>>> print(open('upload_25.cif').read())   # mmCIF, C-alpha atoms and all ligand atoms
data_start
loop_
_atom_site.label_atom_id
_atom_site.label_comp_id
_atom_site.auth_asym_id
_atom_site.auth_seq_id
_atom_site.Cartn_x
_atom_site.Cartn_y
_atom_site.Cartn_z
CA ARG A 5 147.49 142.07 135.98
CA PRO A 6 144.14 140.39 136.76
CA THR A 7 143.79 137.00 138.44
CA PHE A 8 143.49 134.12 135.93
CA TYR A 9 142.09 130.60 136.42
CA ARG A 10 142.50 127.51 134.26
CA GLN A 11 140.00 124.89 133.05
CA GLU A 12 139.60 122.34 130.25
CA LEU A 13 136.50 122.49 128.07
CA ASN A 14 135.98 119.72 125.54
CA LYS A 15 139.53 119.25 124.22
CA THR A 16 140.39 122.94 124.58
CA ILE A 17 142.03 124.34 127.73
CA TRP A 18 141.10 127.92 128.78
CA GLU A 19 142.97 130.39 130.97
CA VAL A 20 140.90 133.51 131.65
CA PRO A 21 140.49 136.33 134.18
CA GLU A 22 138.18 135.58 137.15
CA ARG A 23 135.71 138.20 135.91
CA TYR A 24 134.54 135.68 133.33
CA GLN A 25 132.54 132.88 134.93
CA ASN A 26 130.43 129.90 133.90
CA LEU A 27 132.19 129.22 130.61
CA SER A 28 130.18 126.86 128.43
CA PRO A 29 131.29 125.85 124.92
CA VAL A 30 129.22 127.31 122.07
CA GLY A 31 131.27 125.90 119.18
CA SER A 32 134.61 125.73 117.39
CA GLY A 33 136.17 125.80 113.92
CA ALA A 34 139.21 126.85 111.87
CA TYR A 35 138.84 130.32 113.46
CA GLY A 36 139.13 129.41 117.18
CA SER A 37 136.92 128.02 119.94
CA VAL A 38 134.11 130.01 121.51
CA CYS A 39 132.63 129.87 125.01
CA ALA A 40 129.69 131.74 126.47
CA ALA A 41 130.47 133.31 129.88
CA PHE A 42 129.09 135.71 132.44
CA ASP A 43 131.08 138.91 132.79
CA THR A 44 130.87 139.71 136.52
CA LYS A 45 132.31 143.20 136.08
CA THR A 46 129.59 144.47 133.70
CA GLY A 47 126.73 142.02 134.32
CA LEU A 48 126.79 141.06 130.61
CA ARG A 49 126.69 137.66 128.95
CA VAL A 50 129.73 137.54 126.67
CA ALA A 51 131.31 135.28 124.10
CA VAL A 52 134.96 134.48 124.62
CA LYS A 53 136.95 133.27 121.62
CA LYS A 54 140.32 131.57 122.05
CA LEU A 55 142.18 131.86 118.74
CA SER A 56 143.38 128.62 117.18
CA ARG A 57 147.16 128.33 116.48
CA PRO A 58 147.51 132.17 116.18
CA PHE A 59 151.17 132.09 115.21
CA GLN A 60 151.39 128.80 113.26
CA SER A 61 152.51 130.58 110.10
CA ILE A 62 152.87 134.06 108.64
CA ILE A 63 149.30 133.52 107.38
CA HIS A 64 147.95 132.88 110.90
CA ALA A 65 150.16 135.54 112.50
CA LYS A 66 149.06 138.25 110.06
CA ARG A 67 145.43 137.08 110.34
CA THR A 68 145.59 137.21 114.14
CA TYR A 69 146.89 140.79 113.95
CA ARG A 70 144.24 141.68 111.32
CA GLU A 71 141.34 140.32 113.38
CA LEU A 72 142.52 142.25 116.42
CA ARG A 73 142.99 145.47 114.46
CA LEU A 74 139.56 145.00 112.81
CA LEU A 75 137.73 144.23 116.06
CA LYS A 76 139.43 147.13 117.87
CA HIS A 77 138.30 149.50 115.11
CA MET A 78 134.65 148.40 114.66
CA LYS A 79 132.33 150.54 116.83
CA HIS A 80 128.86 150.09 115.48
CA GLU A 81 125.64 148.49 116.67
CA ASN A 82 125.50 146.10 113.68
CA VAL A 83 129.11 144.95 113.69
CA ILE A 84 130.78 142.87 116.42
CA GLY A 85 133.29 144.88 118.38
CA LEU A 86 135.64 144.19 121.29
CA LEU A 87 134.63 144.27 124.92
CA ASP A 88 138.02 142.89 125.93
CA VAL A 89 141.11 141.06 124.74
CA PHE A 90 143.61 139.25 126.87
CA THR A 91 146.41 136.72 127.10
CA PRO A 92 147.64 134.89 130.18
CA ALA A 93 151.23 135.61 129.03
CA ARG A 94 153.19 137.89 131.36
CA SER A 95 155.64 138.83 128.60
CA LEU A 96 156.22 138.71 124.85
CA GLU A 97 158.48 135.66 125.11
CA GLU A 98 155.69 133.51 126.55
CA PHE A 99 152.98 135.08 124.35
CA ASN A 100 151.21 132.17 122.69
CA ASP A 101 147.44 132.65 123.13
CA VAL A 102 144.92 135.37 122.32
CA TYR A 103 141.42 135.61 123.73
CA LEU A 104 138.79 137.97 122.31
CA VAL A 105 135.60 139.01 124.10
CA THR A 106 132.37 140.42 122.68
CA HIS A 107 128.64 140.53 123.52
CA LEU A 108 127.12 137.04 123.44
CA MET A 109 124.86 136.53 120.38
CA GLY A 110 122.82 133.34 120.85
CA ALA A 111 121.84 132.54 117.28
CA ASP A 112 122.69 133.13 113.66
CA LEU A 113 120.55 133.79 110.65
CA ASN A 114 120.46 130.04 109.77
CA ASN A 115 118.77 129.10 113.04
CA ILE A 116 116.30 131.88 112.38
CA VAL A 117 115.50 130.99 108.72
CA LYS A 118 115.34 127.21 109.28
CA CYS A 119 113.36 127.18 112.56
CA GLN A 120 110.75 129.65 111.22
CA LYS A 121 109.44 131.49 108.13
CA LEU A 122 110.08 135.18 108.76
CA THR A 123 107.40 137.82 108.32
CA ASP A 124 108.09 140.73 105.96
CA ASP A 125 108.60 143.04 108.92
CA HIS A 126 111.36 140.79 110.20
CA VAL A 127 113.01 140.61 106.77
CA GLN A 128 113.01 144.41 106.49
CA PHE A 129 114.53 144.87 109.96
CA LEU A 130 117.20 142.18 109.53
CA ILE A 131 118.26 143.25 106.04
CA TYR A 132 118.15 146.89 107.22
CA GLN A 133 120.63 146.03 109.97
CA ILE A 134 123.00 144.17 107.64
CA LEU A 135 123.08 147.14 105.24
CA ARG A 136 123.58 149.63 108.03
CA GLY A 137 126.58 147.60 109.21
CA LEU A 138 127.92 147.19 105.65
CA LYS A 139 127.62 150.93 105.08
CA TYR A 140 129.86 151.39 108.08
CA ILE A 141 132.29 148.58 107.13
CA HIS A 142 132.49 149.74 103.51
CA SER A 143 133.12 153.36 104.52
CA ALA A 144 136.39 152.15 106.09
CA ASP A 145 137.52 150.61 102.77
CA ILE A 146 136.79 147.15 104.15
CA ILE A 147 135.04 144.49 102.13
CA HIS A 148 133.55 141.59 104.07
CA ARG A 149 133.95 139.12 101.17
CA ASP A 150 132.25 136.14 102.80
CA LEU A 151 128.86 137.25 104.01
CA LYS A 152 126.47 134.40 104.71
CA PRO A 153 123.80 133.41 107.20
CA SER A 154 126.29 131.77 109.61
CA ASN A 155 128.24 135.07 109.68
CA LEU A 156 125.24 137.09 110.82
CA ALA A 157 124.62 136.83 114.55
CA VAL A 158 121.12 137.55 115.87
CA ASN A 159 119.79 137.70 119.44
CA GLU A 160 116.26 137.18 120.85
CA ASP A 161 115.53 140.87 120.28
CA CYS A 162 116.14 140.47 116.55
CA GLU A 163 119.21 142.69 116.80
CA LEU A 164 121.86 141.69 114.30
CA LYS A 165 125.64 141.93 114.10
CA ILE A 166 128.01 141.12 111.30
CA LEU A 167 130.88 138.81 112.31
CA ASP A 168 134.00 137.52 110.41
CA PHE A 169 134.51 140.75 108.35
CA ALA A 172 139.34 138.29 108.14
CA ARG A 173 140.55 136.23 105.10
CA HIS A 174 142.13 136.66 101.61
CA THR A 175 143.59 134.52 98.70
CA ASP A 176 145.37 132.11 101.06
CA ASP A 177 147.66 129.12 100.67
CA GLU A 178 146.05 126.84 103.29
CA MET A 179 143.37 124.13 103.26
CA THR A 180 141.95 124.81 106.75
CA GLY A 181 138.53 126.40 106.64
CA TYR A 182 138.17 125.55 102.93
CA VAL A 183 134.54 125.89 101.67
CA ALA A 184 133.46 123.72 98.66
CA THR A 185 130.91 125.92 96.88
CA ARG A 186 129.55 129.16 98.18
CA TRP A 187 125.91 129.86 97.66
CA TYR A 188 126.22 133.51 98.73
CA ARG A 189 129.31 134.50 96.69
CA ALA A 190 129.27 137.17 93.96
CA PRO A 191 129.55 135.69 90.45
CA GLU A 192 132.61 137.78 89.70
CA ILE A 193 134.29 135.90 92.59
CA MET A 194 133.14 132.56 91.08
CA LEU A 195 135.01 133.84 87.95
CA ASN A 196 138.08 134.52 90.09
CA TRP A 197 138.09 138.23 89.15
CA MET A 198 140.99 139.90 90.92
CA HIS A 199 139.46 143.45 90.87
CA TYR A 200 135.99 143.02 92.47
CA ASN A 201 134.47 145.90 94.48
CA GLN A 202 132.57 146.36 97.77
CA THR A 203 129.30 145.39 96.01
CA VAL A 204 130.37 141.75 96.21
CA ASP A 205 128.81 142.05 99.71
CA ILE A 206 125.56 143.44 98.23
CA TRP A 207 125.28 140.36 96.04
CA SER A 208 125.51 138.25 99.24
CA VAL A 209 122.81 140.35 100.96
CA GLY A 210 120.61 139.80 97.91
CA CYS A 211 121.07 136.01 98.26
CA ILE A 212 120.44 136.12 101.99
CA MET A 213 117.39 138.29 101.64
CA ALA A 214 115.95 136.01 98.93
CA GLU A 215 116.31 133.04 101.26
CA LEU A 216 114.59 134.82 104.19
CA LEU A 217 111.65 135.58 101.89
CA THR A 218 111.34 132.14 100.27
CA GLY A 219 112.82 129.71 102.83
CA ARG A 220 115.10 128.31 100.04
CA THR A 221 118.73 128.80 99.13
CA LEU A 222 118.60 130.91 95.98
CA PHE A 223 121.65 129.38 94.28
CA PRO A 224 122.61 126.01 95.84
CA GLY A 225 125.44 125.24 93.41
CA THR A 226 127.68 122.20 93.87
CA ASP A 227 130.84 123.81 92.37
CA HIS A 228 131.95 127.21 91.00
CA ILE A 229 130.62 126.47 87.48
CA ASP A 230 127.34 124.94 88.66
CA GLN A 231 127.04 128.05 90.91
CA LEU A 232 127.54 130.36 87.92
CA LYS A 233 125.00 128.44 85.79
CA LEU A 234 122.29 128.69 88.51
CA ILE A 235 123.02 132.43 88.71
CA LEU A 236 122.79 133.06 84.94
CA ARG A 237 119.53 131.04 84.88
CA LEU A 238 117.89 133.70 87.08
CA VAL A 239 119.55 136.89 85.95
CA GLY A 240 120.18 135.75 82.37
CA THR A 241 123.48 135.46 80.50
CA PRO A 242 125.65 138.63 80.29
CA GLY A 243 124.96 141.45 77.87
CA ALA A 244 127.56 143.00 75.54
CA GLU A 245 128.62 145.67 78.05
CA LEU A 246 129.47 143.14 80.75
CA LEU A 247 131.07 140.52 78.45
CA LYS A 248 133.48 143.23 77.32
CA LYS A 249 134.72 143.62 80.93
CA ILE A 250 135.93 140.01 81.18
CA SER A 251 139.69 139.91 80.48
CA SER A 252 139.97 136.17 81.05
CA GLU A 253 139.77 134.76 77.55
CA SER A 254 138.73 131.26 78.75
CA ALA A 255 136.04 132.49 81.17
CA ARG A 256 134.63 134.91 78.57
CA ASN A 257 134.58 132.24 75.89
CA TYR A 258 132.95 129.67 78.18
CA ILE A 259 130.12 132.05 79.08
CA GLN A 260 129.60 132.91 75.41
CA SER A 261 129.56 129.22 74.53
CA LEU A 262 126.61 128.62 76.92
CA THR A 263 123.13 128.50 75.38
CA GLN A 264 122.13 132.12 75.97
CA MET A 265 119.43 132.79 78.59
CA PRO A 266 117.10 135.69 79.29
CA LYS A 267 116.65 137.50 82.57
CA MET A 268 113.72 136.05 84.51
CA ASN A 269 110.87 138.28 85.79
CA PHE A 270 111.69 138.55 89.52
CA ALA A 271 107.93 138.95 90.26
CA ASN A 272 107.37 135.39 89.01
CA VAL A 273 110.34 133.97 90.93
CA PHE A 274 109.60 135.58 94.30
CA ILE A 275 105.82 135.22 94.01
CA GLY A 276 103.99 136.25 97.19
CA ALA A 277 106.72 138.66 98.28
CA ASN A 278 106.28 142.34 99.06
CA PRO A 279 106.92 144.03 95.66
CA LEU A 280 109.17 146.60 97.34
CA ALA A 281 111.27 143.65 98.50
CA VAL A 282 111.43 142.22 94.99
CA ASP A 283 112.44 145.67 93.58
CA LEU A 284 115.36 145.87 96.01
CA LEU A 285 116.35 142.25 95.27
CA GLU A 286 116.48 143.10 91.65
CA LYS A 287 118.81 146.05 92.30
CA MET A 288 121.11 143.84 94.45
CA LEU A 289 121.30 140.81 92.16
CA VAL A 290 122.69 142.72 89.19
CA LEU A 291 125.27 140.69 87.31
CA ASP A 292 127.50 143.71 86.48
CA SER A 293 129.02 144.87 89.78
CA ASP A 294 129.36 148.39 88.39
CA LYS A 295 125.56 148.69 88.30
CA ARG A 296 124.80 146.89 91.57
CA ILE A 297 123.29 149.11 94.29
CA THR A 298 125.56 150.21 97.17
CA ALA A 299 124.81 149.76 100.87
CA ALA A 300 124.16 153.51 101.32
CA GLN A 301 121.82 153.58 98.32
CA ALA A 302 120.02 150.44 99.48
CA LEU A 303 119.35 151.98 102.91
CA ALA A 304 117.42 154.75 101.16
CA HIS A 305 115.24 152.26 99.22
CA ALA A 306 111.51 152.56 99.97
CA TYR A 307 111.46 149.00 101.38
CA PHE A 308 113.18 150.40 104.50
CA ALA A 309 111.07 153.58 104.90
CA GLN A 310 109.95 152.35 108.32
CA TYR A 311 113.60 152.19 109.53
CA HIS A 312 115.70 154.51 107.35
CA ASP A 313 117.31 157.43 109.17
CA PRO A 314 120.25 159.17 107.43
CA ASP A 315 121.12 160.81 110.76
CA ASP A 316 121.54 157.38 112.33
CA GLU A 317 123.47 155.44 109.69
CA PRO A 318 127.03 156.38 110.53
CA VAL A 319 130.31 155.90 108.77
CA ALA A 320 133.59 154.71 110.31
CA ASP A 321 136.70 156.59 111.36
CA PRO A 322 139.66 156.14 109.02
CA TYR A 323 141.08 152.59 109.16
CA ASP A 324 144.77 151.95 108.50
CA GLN A 325 145.09 148.85 106.32
CA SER A 326 148.66 149.61 105.30
CA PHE A 327 149.74 146.53 107.30
CA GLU A 328 148.01 144.43 104.61
CA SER A 329 150.81 145.14 102.18
CA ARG A 330 153.54 144.29 104.76
CA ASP A 331 155.59 141.11 104.42
CA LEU A 332 156.92 140.44 107.94
CA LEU A 333 158.33 137.60 110.02
CA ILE A 334 156.06 135.58 112.27
CA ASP A 335 157.81 137.14 115.33
CA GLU A 336 157.18 140.63 114.02
CA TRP A 337 153.44 139.99 113.63
CA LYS A 338 153.45 138.39 117.11
CA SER A 339 155.12 141.46 118.65
CA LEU A 340 152.64 143.81 116.91
CA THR A 341 149.74 141.71 118.10
CA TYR A 342 151.09 141.73 121.66
CA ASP A 343 151.35 145.55 121.51
CA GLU A 344 147.68 145.66 120.44
CA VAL A 345 146.61 143.42 123.34
CA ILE A 346 148.47 145.51 125.97
CA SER A 347 147.27 148.82 124.52
CA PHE A 348 143.59 147.85 124.42
CA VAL A 349 141.28 150.32 126.18
CA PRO A 350 137.89 148.81 126.96
CA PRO A 351 134.82 150.73 125.95
CA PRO A 352 132.97 152.71 128.61
CA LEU A 353 130.45 150.32 130.24
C1 LIG B 401 136.09 141.90 138.84
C2 LIG B 401 135.41 140.74 138.48
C3 LIG B 401 135.66 139.55 139.15
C4 LIG B 401 136.60 139.52 140.18
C5 LIG B 401 136.91 138.28 140.92
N1 LIG B 401 138.23 138.06 141.14
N2 LIG B 401 138.67 136.93 141.84
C6 LIG B 401 137.77 136.02 142.29
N3 LIG B 401 138.22 134.91 143.04
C7 LIG B 401 139.67 134.66 142.89
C8 LIG B 401 140.16 133.89 144.10
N4 LIG B 401 139.04 133.15 144.71
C9 LIG B 401 139.56 132.18 145.58
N5 LIG B 401 140.80 132.37 146.11
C10 LIG B 401 141.31 131.47 146.94
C11 LIG B 401 140.56 130.33 147.28
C12 LIG B 401 139.30 130.16 146.73
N6 LIG B 401 138.82 131.08 145.89
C13 LIG B 401 138.15 132.57 143.68
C14 LIG B 401 137.40 133.68 142.95
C15 LIG B 401 136.42 136.24 142.08
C16 LIG B 401 135.96 137.36 141.39
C17 LIG B 401 134.47 137.45 141.27
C18 LIG B 401 133.79 138.61 141.66
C19 LIG B 401 132.41 138.69 141.58
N7 LIG B 401 131.70 137.64 141.15
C20 LIG B 401 132.31 136.50 140.77
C21 LIG B 401 133.70 136.39 140.82
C22 LIG B 401 137.29 140.68 140.54
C23 LIG B 401 137.03 141.87 139.87
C1 LIG B 402 134.79 137.55 120.04
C2 LIG B 402 134.12 136.46 120.57
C3 LIG B 402 133.44 135.60 119.74
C4 LIG B 402 133.42 135.85 118.37
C5 LIG B 402 132.74 134.95 117.44
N1 LIG B 402 133.54 134.53 116.45
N2 LIG B 402 133.07 133.67 115.46
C6 LIG B 402 131.81 133.22 115.47
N3 LIG B 402 131.37 132.37 114.42
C7 LIG B 402 130.77 131.09 114.85
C8 LIG B 402 130.52 130.16 113.65
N4 LIG B 402 130.71 130.84 112.34
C9 LIG B 402 130.58 129.94 111.25
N5 LIG B 402 130.00 128.72 111.40
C10 LIG B 402 129.88 127.87 110.36
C11 LIG B 402 130.36 128.24 109.10
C12 LIG B 402 130.95 129.49 108.95
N6 LIG B 402 131.04 130.31 110.01
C13 LIG B 402 132.05 131.43 112.23
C14 LIG B 402 132.50 132.12 113.51
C15 LIG B 402 130.96 133.65 116.49
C16 LIG B 402 131.42 134.50 117.50
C17 LIG B 402 130.38 134.90 118.50
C18 LIG B 402 129.52 133.97 119.07
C19 LIG B 402 128.52 134.39 119.94
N7 LIG B 402 128.36 135.68 120.22
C20 LIG B 402 129.16 136.60 119.66
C21 LIG B 402 130.17 136.24 118.78
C22 LIG B 402 134.11 136.92 117.83
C23 LIG B 402 134.78 137.78 118.66
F1 LIG B 403 129.07 135.60 83.89
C1 LIG B 403 129.53 136.72 84.49
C2 LIG B 403 129.19 136.97 85.81
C3 LIG B 403 129.65 138.11 86.44
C4 LIG B 403 130.48 138.99 85.76
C5 LIG B 403 130.94 140.22 86.43
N1 LIG B 403 130.10 141.03 87.12
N2 LIG B 403 130.89 142.12 87.55
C6 LIG B 403 132.17 142.04 87.17
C7 LIG B 403 132.29 140.87 86.42
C8 LIG B 403 133.59 140.41 85.88
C9 LIG B 403 133.86 139.04 85.80
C10 LIG B 403 135.11 138.62 85.34
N3 LIG B 403 136.05 139.52 85.01
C11 LIG B 403 135.83 140.85 85.11
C12 LIG B 403 134.60 141.32 85.57
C13 LIG B 403 130.81 138.76 84.43
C14 LIG B 403 130.35 137.61 83.80
CL CL B 404 128.66 149.66 99.78
ZN ZN B 405 146.04 127.70 108.47
#
>>> encode(input="upload_25.cif", output="structure tokens", more="lines below")
Ligand SMILES: c1ccc(-c2nnc(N3CCN(c4ncccn4)CC3)cc2-c2ccncc2)cc1
Ligand SMILES: c1ccc(-c2nnc(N3CCN(c4ncccn4)CC3)cc2-c2ccncc2)cc1
Ligand SMILES: Fc1ccc(-c2n[nH]cc2-c2ccncc2)cc1
Ligand SMILES: [Cl-]
Ligand SMILES: [Zn+2]
Amino acid sequence: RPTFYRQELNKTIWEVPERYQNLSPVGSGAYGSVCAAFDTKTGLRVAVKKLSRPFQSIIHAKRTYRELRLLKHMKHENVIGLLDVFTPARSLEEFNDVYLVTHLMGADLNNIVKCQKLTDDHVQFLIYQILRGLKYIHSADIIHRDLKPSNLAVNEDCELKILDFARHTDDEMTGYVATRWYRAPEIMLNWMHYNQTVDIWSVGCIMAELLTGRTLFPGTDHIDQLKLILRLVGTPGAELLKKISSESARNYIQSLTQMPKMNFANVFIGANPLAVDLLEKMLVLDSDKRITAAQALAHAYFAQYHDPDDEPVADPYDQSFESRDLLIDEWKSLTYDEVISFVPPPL
């Protein structure tokens, strides 16, 4: 067992191994609290996240296990992975807190887009990285489901990592988001059978914003969001309308004054046409015809970066736990096993 030390930061107390020094708070939320620290063992600057109320409910307990399982599995340059995980608990009985450690990423895509107007080269590189990470995530039968600028970490070298790839249709009001500018329309329609391309829709929205400096669809509610979307891409054709089982949703859409698809060249005026072509393949209303991450990587917009030999897929990921209905103490025990069995990556 390593030697731990205690300290209080803001209103959050922290108990971590001595290897981590100079903890300074970076921010907190529904997820947990995060501190930047210096890892004396590796010489790296790391981010240390203390989970918030990990075993409050079966929802938190299962989510704590899920995040740990996800982070332990993700080994890819464009996806956050685990440098370390620890608890000050000496045994299961006193197991109450989980701390996760990863490489420190000093900014997110919001800081980047707001503080400066990115060049086309930057847009290509950043979007390239997101897609390369999504290709990997998606290959493990994982859907991010909430991609947005504040979920994309970026460092001073313009290297990018996807974070938060750990929620589902939950019965809690913590972390509730009012309207989501980056969400696929099928999600705004509460479709229960969406596919991995919901993430591609988000990339499209993010990419648009990096090119124009404006949120593409700043809707105030789910319906306002959907109307802004249909204004750009036009109202659904016969083929897509036929895929809507929800009688009320289908009928509402059909009762809207019908709208044509806008010419993307007029909307994203001044943008690299290759960029506009890709945007158009990403922002397809029918998810069945939306481009995949793997296909997008091979789009001519990324010719400067695309390398099939260096766009890997993930090892098989066991999500069978997702269907389990267990007691809080069972999820806690499983999580504890995962902490104790963690093998750090080679330096
Ligand atoms: C790997 C990484 C870090 C460590 C480490 N472990 N314990 C450390 N001590 C623990 C005890 N030490 C102490 N002990 C008694 C009185 C006053 N101070 C304070 C700092 C420092 C350190 C430490 C080492 C290197 N740089 C900074 C801190 C051990 C292995
Ligand atoms: C291990 C250690 C830290 C993390 C980590 N977790 N969450 C992070 N974000 C910070 C804020 N982000 C956010 N903020 C506002 C709205 C929606 N999301 C959500 C969570 C950043 C980070 C983070 C921060 C800095 N560097 C790397 C990762 C994950 C695993
Ligand atoms: F107005 C819209 C917006 C999006 C969709 C949509 N795109 N892909 C799948 C769907 C969809 C929506 C609702 N139910 C089934 C499928 C359908 C209608
Ligand atoms: Cl995909
Ligand atoms: Zn909760």
>>> residues_around(input="upload_25.cif", residues="residue 96 of chain A", least_positions_apart="3", cutoff="7 Å", atoms="all atoms listed in the file", output="ChimeraX atom specification")
/A:99,339,342
>>> residues_near_ligand(input="upload_25.cif", ligand="ligand CL 404 (chain B)", cutoff="7 Å", atoms="only C-alpha atoms and all ligand atoms", output="PyMOL selection string")
chain A and resi 138-139+142+202-203+298-300
>>> residues_near_ligand(input="upload_25.cif", ligand="ligand LIG 401 (chain B)", cutoff="9 Å", atoms="only C-alpha atoms and all ligand atoms", output="list in words")
residues 6, 7, 8, 9, 21, 22, 23, 24, 25, 42, 43, 44, 45 and 46 of chain A
>>> write_last_selection(input="upload_25.cif", atoms="C-alpha atoms", output="PDB file, keeping the file's coordinate frame")
ATOM      1  CA  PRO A   6     144.140 140.390 136.760  1.00  0.00           C
ATOM      2  CA  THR A   7     143.790 137.000 138.440  1.00  0.00           C
ATOM      3  CA  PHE A   8     143.490 134.120 135.930  1.00  0.00           C
ATOM      4  CA  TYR A   9     142.090 130.600 136.420  1.00  0.00           C
ATOM      5  CA  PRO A  21     140.490 136.330 134.180  1.00  0.00           C
ATOM      6  CA  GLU A  22     138.180 135.580 137.150  1.00  0.00           C
ATOM      7  CA  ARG A  23     135.710 138.200 135.910  1.00  0.00           C
ATOM      8  CA  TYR A  24     134.540 135.680 133.330  1.00  0.00           C
ATOM      9  CA  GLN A  25     132.540 132.880 134.930  1.00  0.00           C
ATOM     10  CA  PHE A  42     129.090 135.710 132.440  1.00  0.00           C
ATOM     11  CA  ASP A  43     131.080 138.910 132.790  1.00  0.00           C
ATOM     12  CA  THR A  44     130.870 139.710 136.520  1.00  0.00           C
ATOM     13  CA  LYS A  45     132.310 143.200 136.080  1.00  0.00           C
ATOM     14  CA  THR A  46     129.590 144.470 133.700  1.00  0.00           C
TER      15      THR A  46
END
>>> residues_near_ligand(input="upload_25.cif", ligand="ligand ZN 405 (chain B)", cutoff="8 Å", atoms="all atoms listed in the file", output="MDAnalysis selection string")
chainID A and resid 34 60:61 63:64 178:181
>>> closest_residue(input="upload_25.cif", among="A:244, A:271, A:345, A:167", to="residue 285 of chain A", atoms="all atoms listed in the file")
A:271
>>> residues_near_ligand(input="upload_25.cif", ligand="ligand LIG 402 (chain B)", cutoff="6 Å", atoms="all atoms listed in the file", output="ChimeraX atom specification")
/A:38,51-53,104-110,154-155
>>> write_last_selection(input="upload_25.cif", atoms="C-alpha atoms", output="PDB file, keeping the file's coordinate frame")
ATOM      1  CA  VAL A  38     134.110 130.010 121.510  1.00  0.00           C
ATOM      2  CA  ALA A  51     131.310 135.280 124.100  1.00  0.00           C
ATOM      3  CA  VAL A  52     134.960 134.480 124.620  1.00  0.00           C
ATOM      4  CA  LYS A  53     136.950 133.270 121.620  1.00  0.00           C
ATOM      5  CA  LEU A 104     138.790 137.970 122.310  1.00  0.00           C
ATOM      6  CA  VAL A 105     135.600 139.010 124.100  1.00  0.00           C
ATOM      7  CA  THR A 106     132.370 140.420 122.680  1.00  0.00           C
ATOM      8  CA  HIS A 107     128.640 140.530 123.520  1.00  0.00           C
ATOM      9  CA  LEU A 108     127.120 137.040 123.440  1.00  0.00           C
ATOM     10  CA  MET A 109     124.860 136.530 120.380  1.00  0.00           C
ATOM     11  CA  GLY A 110     122.820 133.340 120.850  1.00  0.00           C
ATOM     12  CA  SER A 154     126.290 131.770 109.610  1.00  0.00           C
ATOM     13  CA  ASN A 155     128.240 135.070 109.680  1.00  0.00           C
TER      14      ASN A 155
END
>>> closest_atom_pairs(input="upload_25.cif", of="chain A", to="ligand LIG 403 (chain B)", cutoff="6 Å", atoms="all atoms listed in the file", output="JSON lines")
{"residue": "A:191", "atom": "CA", "partner": "B:LIG403", "partner_atom": "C3", "distance": 4.7}
{"residue": "A:192", "atom": "CA", "partner": "B:LIG403", "partner_atom": "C9", "distance": 4.3}
{"residue": "A:195", "atom": "CA", "partner": "B:LIG403", "partner_atom": "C10", "distance": 5.4}
{"residue": "A:197", "atom": "CA", "partner": "B:LIG403", "partner_atom": "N3", "distance": 4.8}
{"residue": "A:242", "atom": "CA", "partner": "B:LIG403", "partner_atom": "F1", "distance": 5.8}
{"residue": "A:246", "atom": "CA", "partner": "B:LIG403", "partner_atom": "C13", "distance": 5.9}
{"residue": "A:249", "atom": "CA", "partner": "B:LIG403", "partner_atom": "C11", "distance": 5.1}
{"residue": "A:250", "atom": "CA", "partner": "B:LIG403", "partner_atom": "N3", "distance": 3.9}
{"residue": "A:251", "atom": "CA", "partner": "B:LIG403", "partner_atom": "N3", "distance": 5.8}
{"residue": "A:291", "atom": "CA", "partner": "B:LIG403", "partner_atom": "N1", "distance": 4.8}
{"residue": "A:292", "atom": "CA", "partner": "B:LIG403", "partner_atom": "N1", "distance": 3.8}
{"residue": "A:293", "atom": "CA", "partner": "B:LIG403", "partner_atom": "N2", "distance": 4.0}
>>> atom_distance(input="upload_25.cif", atom1="atom CA of residue 276 of chain A", atom2="atom CA of residue 309 of chain A")
20.2 Å
>>> closest_residue(input="upload_25.cif", among="A:229, A:198, A:340, A:206", to="residue 288 of chain A", atoms="all atoms listed in the file")
A:206
>>> atom_distance(input="upload_25.cif", atom1="atom CA of residue 269 of chain A", atom2="atom CA of residue 213 of chain A")
17.1 Å
>>> closest_residue(input="upload_25.cif", among="A:273, A:50, A:235, A:117", to="residue 86 of chain A", atoms="all atoms listed in the file")
A:50
>>> residues_around(input="upload_25.cif", residues="residue 59 of chain A", least_positions_apart="3", cutoff="12 Å", atoms="only C-alpha atoms", output="ChimeraX atom specification")
/A:55-56,62-69,99-102,333-342
>>> closest_residue(input="upload_25.cif", among="A:210, A:29, A:85, A:243", to="residue 165 of chain A", atoms="all atoms listed in the file")
A:85
>>> residues_around(input="upload_25.cif", residues="segment 310-325 of chain A", least_positions_apart="4", cutoff="7 Å", atoms="only C-alpha atoms", output="PyMOL selection string")
chain A and resi 136+139-140+143-144+303-304
>>> closest_residue(input="upload_25.cif", among="A:187, A:103, A:132, A:200", to="residue 148 of chain A", atoms="all atoms listed in the file")
A:200
>>> atom_distance(input="upload_25.cif", atom1="atom CA of residue 135 of chain A", atom2="atom CA of residue 275 of chain A")
23.8 Å
>>> closest_residue(input="upload_25.cif", among="A:115, A:208, A:185, A:252", to="residue 151 of chain A", atoms="all atoms listed in the file")
A:208
>>> residues_around(input="upload_25.cif", residues="segment 219-228 of chain A", least_positions_apart="2", cutoff="9 Å", atoms="all atoms listed in the file", output="JSON, numbers by chain")
{"A": [117, 118, 120, 121, 122, 184, 185, 186, 187, 188, 191, 194, 195, 211, 212, 214, 215, 216, 217, 230, 231, 232, 233, 234, 235]}
>>> axis_aligned_box(input="upload_25.cif", around="segment 232-249 of chain A", padding_each_side="5 Å", output="AutoDock Vina command-line options")
--center_x 126.3 --center_y 137.1 --center_z 82.1 --size_x 26.8 --size_y 27.2 --size_z 23.2
>>> residues_near_point(input="upload_25.cif", point="(123.0, 131.3, 76.8)", cutoff="10 Å", atoms="only C-alpha atoms", output="ChimeraX atom specification")
/A:233,236-237,240-242,259-266
